[PDB]
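Engineer:
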Amino acid sequence: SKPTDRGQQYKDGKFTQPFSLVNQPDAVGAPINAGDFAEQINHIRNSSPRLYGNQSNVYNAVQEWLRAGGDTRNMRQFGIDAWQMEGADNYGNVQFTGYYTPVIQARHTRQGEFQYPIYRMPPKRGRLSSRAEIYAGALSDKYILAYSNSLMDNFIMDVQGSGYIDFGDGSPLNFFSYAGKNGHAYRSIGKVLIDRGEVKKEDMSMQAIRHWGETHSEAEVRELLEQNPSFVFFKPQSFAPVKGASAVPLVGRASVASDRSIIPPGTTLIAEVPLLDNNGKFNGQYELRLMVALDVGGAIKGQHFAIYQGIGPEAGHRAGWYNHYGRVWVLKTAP
Amino acid sequence: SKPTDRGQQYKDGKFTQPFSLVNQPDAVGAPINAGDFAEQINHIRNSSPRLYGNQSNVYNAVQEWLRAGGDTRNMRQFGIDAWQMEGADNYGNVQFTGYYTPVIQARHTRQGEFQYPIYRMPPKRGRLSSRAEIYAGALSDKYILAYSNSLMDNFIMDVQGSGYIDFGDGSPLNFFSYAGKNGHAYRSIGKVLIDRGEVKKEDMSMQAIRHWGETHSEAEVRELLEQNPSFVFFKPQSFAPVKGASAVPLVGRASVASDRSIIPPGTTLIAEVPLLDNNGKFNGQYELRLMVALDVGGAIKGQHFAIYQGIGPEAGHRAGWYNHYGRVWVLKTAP
Amino acid sequence: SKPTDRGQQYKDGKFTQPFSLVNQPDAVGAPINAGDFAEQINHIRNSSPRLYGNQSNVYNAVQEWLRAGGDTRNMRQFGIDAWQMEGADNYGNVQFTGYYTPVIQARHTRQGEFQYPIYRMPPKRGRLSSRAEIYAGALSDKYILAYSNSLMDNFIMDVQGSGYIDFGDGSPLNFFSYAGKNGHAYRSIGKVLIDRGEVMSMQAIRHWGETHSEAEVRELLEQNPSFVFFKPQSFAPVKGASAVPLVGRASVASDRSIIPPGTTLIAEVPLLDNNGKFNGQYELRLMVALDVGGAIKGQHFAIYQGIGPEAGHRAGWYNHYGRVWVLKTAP
Amino acid sequence: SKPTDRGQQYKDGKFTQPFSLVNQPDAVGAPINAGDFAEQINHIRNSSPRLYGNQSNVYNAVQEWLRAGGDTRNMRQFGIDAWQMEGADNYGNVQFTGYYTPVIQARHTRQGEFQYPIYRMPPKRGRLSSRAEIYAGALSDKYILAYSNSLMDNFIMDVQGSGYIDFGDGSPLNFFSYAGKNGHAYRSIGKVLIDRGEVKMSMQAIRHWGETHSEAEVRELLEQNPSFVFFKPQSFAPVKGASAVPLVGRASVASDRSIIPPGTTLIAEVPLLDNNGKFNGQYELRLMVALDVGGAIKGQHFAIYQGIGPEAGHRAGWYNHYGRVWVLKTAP
Ligand SMILES: CC(=O)N[C@@H]1[C@@H](O)[C@H](O[C@@H]2O[C@H](CO)[C@@H](O[C@@H]3O[C@H](CO)[C@@H](O[C@@H]4O[C@H](CO)[C@@H](O[C@@H]5O[C@H](CO)[C@@H](O[C@@H]6O[C@H](CO)[C@@H](O)[C@H](O)[C@H]6NC(C)=O)[C@H](O)[C@H]5NC(C)=O)[C@H](O)[C@H]4NC(C)=O)[C@H](O)[C@H]3NC(C)=O)[C@H](O)[C@H]2NC(C)=O)[C@@H](CO)O[C@H]1O
Ligand SMILES: CC(=O)N[C@@H]1[C@@H](O)[C@H](O[C@@H]2O[C@H](CO)[C@@H](O[C@@H]3O[C@H](CO)[C@@H](O[C@@H]4O[C@H](CO)[C@@H](O[C@@H]5O[C@H](CO)[C@@H](O[C@@H]6O[C@H](CO)[C@@H](O)[C@H](O)[C@H]6NC(C)=O)[C@H](O)[C@H]5NC(C)=O)[C@H](O)[C@H]4NC(C)=O)[C@H](O)[C@H]3NC(C)=O)[C@H](O)[C@H]2NC(C)=O)[C@@H](CO)O[C@H]1O
Ligand SMILES: CC(=O)N[C@@H]1[C@@H](O)[C@H](O[C@@H]2O[C@H](CO)[C@@H](O[C@@H]3O[C@H](CO)[C@@H](O[C@@H]4O[C@H](CO)[C@@H](O[C@@H]5O[C@H](CO)[C@@H](O[C@@H]6O[C@H](CO)[C@@H](O)[C@H](O)[C@H]6NC(C)=O)[C@H](O)[C@H]5NC(C)=O)[C@H](O)[C@H]4NC(C)=O)[C@H](O)[C@H]3NC(C)=O)[C@H](O)[C@H]2NC(C)=O)[C@@H](CO)O[C@H]1O
Ligand SMILES: CC(=O)N[C@@H]1[C@@H](O)[C@H](O[C@@H]2O[C@H](CO)[C@@H](O[C@@H]3O[C@H](CO)[C@@H](O[C@@H]4O[C@H](CO)[C@@H](O[C@@H]5O[C@H](CO)[C@@H](O[C@@H]6O[C@H](CO)[C@@H](O)[C@H](O)[C@H]6NC(C)=O)[C@H](O)[C@H]5NC(C)=O)[C@H](O)[C@H]4NC(C)=O)[C@H](O)[C@H]3NC(C)=O)[C@H](O)[C@H]2NC(C)=O)[C@@H](CO)O[C@H]1O
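Chains as they are written, first to last, in full-length UniProt numbering: chain F, 23 to 357; chain L, 23 to 357; chain R, 23 to 221, 226 to 357; chain V, 23 to 222, 226 to 357.
(1) Which residues share a DSSP beta bridge with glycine 342/L?
(2) Just the chain V side, please: which residues come within less than 8 angstroms of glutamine 259/L by C-beta, in chain order?
(3) For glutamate 294/V, name the three-state secondary structure that DSSP assigns.
(4) Let me see if you follow: with CB-CB separation under 8 angstroms, is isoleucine 54/R close to chain V or not?
(5) What are the residues in the stretch 286-314 of chain F lying within 8 angstroms of chain L by C-beta distance?
(6) Where does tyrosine 138/V fall in DSSP's three states?
(7) Note down the Cα distance separating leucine 43/V from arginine 349/V, rounded to an integer number of angstroms.
(8) Out of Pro296/V, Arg132/V, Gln182/V, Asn300/V, which has the shortest C-alpha to C-alpha gap to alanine 267/V?
(9) Do we get a CB-CB distance below 8 angstroms when we pair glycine 75/F with the residues of chain R?
(10) Indicate, with yes or no, if ligand 4 has a heavy atom lying under 7 angstroms from the CB of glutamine 182/V.
(11) Got a sec? Which residues, its chain only, sit under 6 angstroms from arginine 282/V by beta carbon, not counting five neighbours each side?
(12) Quick check on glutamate 240/V: buried or exposed, where buried means 16 or more other Cβ atoms within 10 Å of its Cβ?
(13) Check distances from the C-beta atoms of the stretch 177-192 of chain L to those of chain R and list, in chain order, the residues that come in under 8 angstroms.
(14) Within 10 angstroms of its Cβ, does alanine 262/R collect 16 or more other Cβ (buried), or is it exposed?
(15) I'd like to know whether the C-beta atoms of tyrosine 32/R and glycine 338/R end up nearer to each other than 8 angstroms.
(16) Cα-Cα, which of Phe197/R, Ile63/R, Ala128/R, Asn300/R is closest to residue 222/R?
(17) Following the continuous beta strand (DSSP E) through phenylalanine 256/R, name the residue where it begins and the one where it ends.
(18) Could you give the first and the last residue of the continuous beta strand (DSSP E) run that contains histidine 326/F?
(19) Answer yes if the stretch 118-136 of chain R comes into contact with the stretch 176-193 of chain R, meaning at least three C-beta pairs across the two stretches below 8 angstroms, and no otherwise.
(20) Just to make sure I have the definition right: I need the residues of chain R whose C-beta is within less than 8 angstroms of the C-beta of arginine 72/F. Which are they?
(21) Along the stretch 106-138 of chain F, where does the CB come closer than 7 angstroms to a CB of chain R? Name the residues.
(22) Are the C-beta atoms of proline 144/F and some chain R residue less than 8 angstroms apart?
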């Protein structure tokens with residue numbers, strides 16, 4: 023059977039095809055984020071008018087379904103078709119990970135605890151340098167945007183793709199969007215902790231990496247972070263909503279990152295997101311949510327989704343545990 | 023015959039107790055404002071430490087319930103007891119009105135279209151003057167805060183209790199909170215219009231009032247508005263969140279105004295809010311929302327609630343329609 | 023023949039060259055916007071690190087001058103030069119015009135008074151359409167950003183190059199930066215008002235629009251075939267060509283060929299009342315060239331007034347002259 | 023016996039009165055903060071039309087003078103009466119101190135480095151507790167507004183009278199205004215370290234001391250000041266003082282309302298000092314308005330409002346010098 027150690031349900035049948043057109047999905051009650059789904063869609067209308075035009079009828083259809091009852095048994099009653107996904111094992115288990123938008127403090131000039139530079143997009147040959155070399159000073163100081171008080175925060179923000187920069191002087195939070203990356207492949211840092219016997223395999227998470235950095239010295243932290251030759255460059259947007267690859271403001275848990283080749287942007291997705299406590303342990307229950315694919319990821323390929331948790335600490339704690347599975351139905355309207 | 027033109031529903035029977043302990047509420051699905059409610063709780067937590075301290079048990083219970091997918095049936099596992107309100111008709115149906123926070127365009131000094139003063143709290147004897155007298159100049163110019171471009175906007179804001187003031191110069195919107203009122207009783211203008219013979223009986227709305235003001239001249243608008251001797255004074259909070267009587271930042275459609283004697287502040291309320299189109303016509307469907315009583319009103323007494331729609335024009339259009347009914351349950355703890 | 027209405031000077035003599043190095047400028051005394059200038063300096067540091075690197079010396083040179091005091095007679099003790107610019111009449115009268123960042127209210131969807139679209143950058147062939155054609159609907163609705171309540175406001179913002187958009191719903195003001203323009207040359211509106219004779227400034231044109239009907243206003247505005255496209259920066263500071271946040275009356279638009287960006291300029295800006303009449307007195311200010319303009323060529327500057335109505339009233343009247351010195355480091 | 027190390031002078035002559043009508047001010051230069059001064063008048067015109075309504079006569083005179091060049095040699099041509107103040111030494115030099123509005127980062131709930139509570143106005147009997155007792159938990163947790171990451175920052179903000187609170191979550195900076203104080207007299211930590219023999226006082230030097238020593242050592246030192254200030258959140262409102270008028274950086278000062286009432290225009294020779302707070306020897310001409318008060322600001326003494334932020338704090342902590350000042354009024 024499918025060990026539910028990471029949330030693997032099997033109460034639907036046996037659907038192997040990519041888009042398994044089921045009559046109506048397995049679920050009790052209405053989705054938890056109905057009104058929240060409306061906001062997400064509204065953003066698609068103003069931020070991507072061409073993407074909205076292609077999915078107008080789809081969005082308008084599910085809205086009435088939510089305003090009437092919301093039960094996954096009253097979908098076809100409005101011409102909505104649920105196309106279940108095969109997932110990993112092809113039995114019905116789609117991978118679910120998570121990411122958020124962290125807020126970090128920094129200064130325009132280095133001072134005191136602020137000695138860690140955040141770089142912008144450099145020239146063609148400047149993007150060749152690895153993370154370790156950049157730490158040593160491979161890039162010119164004119165490409166620095168700010169200096170943070172934590173090398174770990176910069177690394178986490180690097181992994182997330184973006185983040186708000188708080189200068190702590192009164193000015194609004196500047197959104198440092200994903201502008202580009204260096205010519206080096208991304209390599210797992212948490213794995214390096216397991217390679218030398220520093221962190222447990224079963225107890226691998228966001229809090230473990232952060233706790234490790236506080237337990238060890240700066241030299242030991244820098245050495246570990248350098249094991250990831252990849253480095254991300256940002257572009258200041260100045261208090262703009264969190265936007266992904268689709269250039270549409272992402273809403274907390276109402277949007278996900280996907281493989282554009284399989285699941286294109288603007289795709290409505292209803293899924294059973296597995297719940298977990300503060301310790302990230304799978305309790306056994308799920309959560310019905312309506313989300314839209316509006317972002318991409320280097321590690322997000324095939325039957326895999328990256329649920330956008332939100333902005334802030336609480337959104338980060340919730341995002342670090344997500345490496346579970348669950349079912350998902352691609353919602354399409356009848357022609 | 024049982025009226026259903028407004029938005030009444032008779033199927034849960036007649037309730038004798040002001041609060042009938044019904045296990046599972048007659049909900050259509052799940053809370054569509056999980057994020058709005060959670061936000062509202064966090065606002066009470068940081069703005070009203072003692073009010074939150076007492077209702078914290080309920081707040082943590084309903085949030086954990088919302089986490090479980092917001093299952094209106096499984097909420098009993100969390101010990102959440104639903105006490106359905108008897109309603110104004112004792113059939114579970116309760117009156118639902120609405121108010122919002124209008125954004126008024128103004129200037130510090132009178133110029134061009136900006137010739138309508140917004141006053142602050144004057145001395146004891148200055149608060150005796152009626153609206154008509156204040157329009158003629160009963161108050162000193164040193165009590166003026168700003169000059170708007172519409173007498174109708176000032177009147178609507180007066181009725182709402184507060185509103186944001188946009189100076190259109192780059193500076194943030196200043197929140198003019200309810201500071202006080204004059205020594206004259208309030209008299210509805212909607213009644214005056216019907217009785218005057220201009221506006222029709224059933225064809226009354228806050229929209230028709232705004233349209234009427236644009237159809238008629240300044241002298242005709244002023245004369246009509248003077249039929250309401252009451253006048254509200256404001257106090258600029260300088261870009262502060264919209265706060266009500268409880269001094270807690272109000273969240274759009276996640277908070278309501280109530281009679282503190284019957285429904286005290288901090289009370290969690292799950293309700294079936296009747297939906298209505300752009301023309302304010304009751305289509306027939308409802309909406310499940312979790313709201314908290316955090317404000318009061320002069321016309322809000324007994325079995326009656328004033329749903330805080332939000333900030334802006336869209337929030338105003340949605341607010342100036344509500345004179346309908348719907349079911350509501352007062353969420354509490356064990357008996 | 024020999025006017026002094028626009029603040030023209032003669033008390034300096036003819037200038038035989040564009041820039042003349044003096045010793046103690048003919049200015050009044052101490053600058054008023056010493057603080058605003060400092061705010062402009064760090065803005066260049068944060069925004070354009072390359073520009074701040076080449077002019078770091080100049081910014082710090084004048085930084086010590088104002089720190090102590092700010093007397094125009096004594097500047098050499100801080101290592102500063104004073105290259106006095108000439109003018110049209112060659113008497114040091116540098117032309118000073120003005121522009122600001124207007125705040126226009128609008129919604130995402132057309133409703134009521136909001137029926138005037140604000141467009142973004144369309145494709146290559148979509149940029150060929152003239153203003154009159156775009157008004158009639160030459161561009162697709164998917165290129166619309168917002169709908170304003172005034173066609174005149176959209177036109178003024180079009181002329182200014184940018185503007186803040188207030189959606190009146192609580193959300194922050196979205197800065198619609200200059201993204202591009204259409205394939206048509208700019209035509210003057212006052213020009214058309216002279217043809218049939220009806221009227226002069228940005229204040230006189232605004233009054234004309236209020237006096238005449240919508241059909242008469244649209245017809246006049248269509249006389250300018252040029253149309254500007256914007257790009258929402260989502261609540262970002264007002265930036266010009268140099269991509270540096272502009273500070274009110276502490277920055278100006280110039281001809282990059284003559285006066286390159288990052289150049290410090292101390293000038294005697296001619297004052298004027300609410301009616302735009304030159305009273306006779308000047309104002310000493312320190313400003314930096316951080317923007318450009320299509321009509322800003324040669325010995326001419328466009329003083330950035332600021333954001334809002336008051337900044338617009340002040341900018342619409344500005345078409346006067348004044349002296350200006352290019353502050354550089356002593357060799 | 024005439025000191026000059028702290029900015030004091032003698033080229034003005036000894037005074038016989040607090041204020042004296044001077045036909046021509048003994049100071050060369052021009053108001054280098056004319057823009058900041060004009061900004062203050064607009065703030066007094068919007069935030070307090072009552073005080074402005076009776077102080078306009080002086081502003082209109084100092085504005086007409088400013089617009090018409092701004093040369094101190096023509097002030098009488100606009101109706102501006104200069105009044106030389108004696109200060110500490112009857113030679114025209116007044117004691118100039120400074121304060122600013124610190125931006126502190128804090129959270130609504132205690133977590134990690136954020137373990138230092140910022141309290142609001144408690145009941146009558148709750149205001150009796152001293153700082154040391156409050157640190158130990160004399161006040162209930164329901165009176166806490168936020169938890170900062172530095173006990174020193176809280177102390178400095180306490181001395182300043184107010185400060186902006188940055189929650190680092192996106193929300194605007196909340197201005198914690200001076201709501202009240204406890205029933206204990208203020209004791210400067212400066213006098214403590216001066217007597218202890220650990221000074222090279227400098228209110229910023231103590232900041233370095235706090236970072237050098239541990240939490241227990243910092244708390245112990247701070248407990249020497251029994252006074253404790255309570256704040257009131259205004260949520261992104263301009264820095265306002267006692268006059269309830271938004272203060273402008275170095276264009277406003279705190280004064281003794283009995284001697285120098287609020288709304289009073291003051292032109293002064295503010296003594297300049299380097300990064301190390303050493304008096305170089307030069308001054309600075311500034312136009313300022315009295316719009317705030319202070320417990321230690323009595324008689325011939327002013328507290329120059331430096332501004333908001335770190336740089337404003339470094340500049341403020343050094344001020345303990347002297348300089349000449351003229352009370353600008355109208356000519357009868
Ligand atoms: C040891 C170990 O392995 N532990 C595991 C741990 O790693 C796991 O944690 C999670 O890991 C995953 C994978 O490592 C992390 O995944 C992140 O996912 C996010 C979102 O999916 C990624 O961020 C997005 O990245 C894409 C690029 O791939 C961005 O897309 C780009 O967007 C820009 C605009 O910003 C586009 O540029 C614009 O282009 C237009 C058109 O050409 C042009 O006009 C504009 O000018 C231009 N704008 C600019 C500024 O240039 C660009 O075209 C587009 N690129 C593409 C290809 O479309 C997107 O914007 C990013 N989204 C946001 C938001 O910023 C992120 O890259 C990815 N990281 C990695 C390393 O892959 C995940 O973050 C992480 N989560 C957490 C909490 O740590 C955990 C799981 O919990 O498991 C452990 O076992
Ligand atoms: C025929 C029919 O059915 N017609 C329908 C029509 O009625 C509907 O339209 C709606 O009508 C209703 C009724 O006319 C309108 O109701 C409005 O509701 C709002 C919110 O409930 C009211 O605004 C609140 O008013 C209360 C006072 O009553 C305010 O509370 C005060 O708050 C201040 C602080 O702001 C407190 O002062 C502070 O006190 C503390 C402690 O003492 C002190 O320390 C502070 O210093 C001090 N602060 C200051 C600044 O002084 C004060 O104590 C407290 N007062 C009390 C008693 O507690 C509260 O703040 C207001 N809320 C907000 C937000 O501002 C409003 O007054 C009320 N209007 C009227 C006329 O009663 C409703 O607005 C309207 N809606 C619309 C859209 O028009 C329509 C709707 O569709 O349907 C028709 O069918
Ligand atoms: C009858 C009569 O004549 N009456 C008089 C009346 O006309 C007078 O009114 C005044 O009129 C004048 C002239 O009509 C108005 O002048 C305006 O002046 C402003 C400021 O100088 C101009 O706005 C600037 O325009 C330039 C382009 O010309 C903009 O520069 C561009 O900036 C963008 C970024 O925003 C750059 O793009 C970026 O490029 C980088 C690098 O390649 C790339 O990486 C980025 O991605 C890219 N970003 C984007 C978004 O694309 C671009 O490269 C650059 N262009 C160049 C060439 O460098 C600049 O940003 C604008 N500034 C601002 C701020 O937006 C404006 O164009 C100009 N209007 C006209 C029609 O020429 C003046 O405004 C007006 N004043 C008033 C008050 O009405 C009155 C005087 O009051 O007197 C009557 O008598
Ligand atoms: C060894 C040694 O001596 N070393 C030196 C060292 O000491 C020096 O450091 C400096 O020390 C001095 C003195 O200790 C510090 O001076 C500070 O100065 C500031 C400004 O002058 C003071 O802050 C103001 O305090 C007043 C009260 O005194 C506040 O005024 C109150 O404002 C509130 C509103 O906020 C009013 O309440 C309102 O009232 C109305 C009407 O009744 C009501 O309607 C409202 O509801 C109500 N609002 C509320 C919220 O309740 C209230 O009425 C009014 N009070 C009065 C009496 O009018 C004012 O708001 C504060 N200003 C700001 C801004 O907040 C501060 O108290 C004072 N500190 C002390 C300890 O006295 C100075 O800060 C310090 N500087 C530094 C850098 O440390 C250094 C200097 O370099 O030199 C060493 O040598």
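Beta carbons are placed, not taken as given, at the ideal position from N, Cα and C, and that holds for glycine.
Structural biologist: A quick look at the data gives this:
(1) Translated into the one-based positions of the second sequence, residue 342/L becomes position 320. Its beta-bridge partners do not exist; DSSP assigns none.
(2) Position 237 of the second sequence, counted from the start, is the residue given in the question as residue 259/L. Going along chain V in sequence order, the residues near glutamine 259/L (Cβ under 8 angstroms) are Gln259, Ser260, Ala262.
(3) Here residue 294/V refers to the residue found at position 269 of the fourth sequence. Taken through DSSP and simplified to helix, strand or coil, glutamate 294/V comes out as strand.
(4) Taking the third sequence and counting its residues from 1, one reaches residue 54/R at position 32. It does; some Cβ of chain V falls within 8 angstroms.
(5) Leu297, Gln307, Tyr308, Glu309, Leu310
(6) Here residue 138/V corresponds to residue number 116 of the fourth sequence, with the count starting at 1. Note: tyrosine 138/V maps to strand in three-state DSSP.
(7) As a position in the fourth sequence, residue 43/V is number 21, starting the count at 1. As a position in the fourth sequence, residue 349/V is number 324, starting the count at 1. Looking at the two C-alpha atoms, the distance is approximately 14 angstroms.
(8) Within the fourth sequence, residue 267/V is the residue found at index 242, counting from 1. Nearest option by C-alpha distance: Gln182/V.
(9) Walking along the first sequence from the start, residue 75/F turns up at place 53. Cβ-Cβ to chain R under 8 angstroms: yes for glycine 75/F.
(10) Residue numbering aside, residue 182/V sits at position 160 when the fourth sequence is read from its first letter. Checking every heavy atom of ligand 4 against the Cβ of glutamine 182/V, one is found closer than 7 angstroms.
(11) Residue mapping note: residue 282/V aligns to position 257 of the fourth sequence, counting from 1. The residues are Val318.
(12) By one-based count along the fourth sequence, residue 240/V stands at place 215. When all chains shown are included, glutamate 240/V counts as exposed.
(13) For the stretch 177-192 of chain L, which is checked against every Cβ of chain R, the residues closer than 8 angstroms are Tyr186, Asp188, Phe189, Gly190, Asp191, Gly192.
(14) Position 236 of the third sequence, counted from the start, is the residue given in the question as residue 262/R. Buried: at least 16 other Cβ atoms inside 10 Å.
(15) Against the third sequence, residue 32/R aligns to sequence position 10. Against the third sequence, residue 338/R aligns to sequence position 312. With contacts defined by Cβ atoms closer than 8 angstroms, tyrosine 32/R and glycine 338/R do not form a contacting pair.
(16) Because residue 222/R lies between 221 and 226, and chain R jumps straight from the first to the second, it has no atoms in this structure.
(17) Along the third sequence, one-based indexing puts residue 256/R at 230. Segment 254-258, the beta strand (DSSP E) holding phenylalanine 256/R.
(18) Taking the first sequence and counting its residues from 1, the one referred to as residue 326/F is at position 304. In this chain, the beta strand (DSSP E) harbouring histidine 326/F covers 326-333.
(19) yes
(20) Sequence index remark: in the first sequence, residue 72/F carries index 50 (1-based). Near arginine 72/F (Cβ distances below 8 angstroms), the residues of chain R are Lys164.
(21) Against chain R - using a Cβ distance shorter than 7 angstroms - the residues of the stretch 106-138 of chain F are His130.
(22) For the purposes of this step, residue 144/F is taken as the residue at position 122 of the first sequence. So no, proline 144/F is outside the interface.
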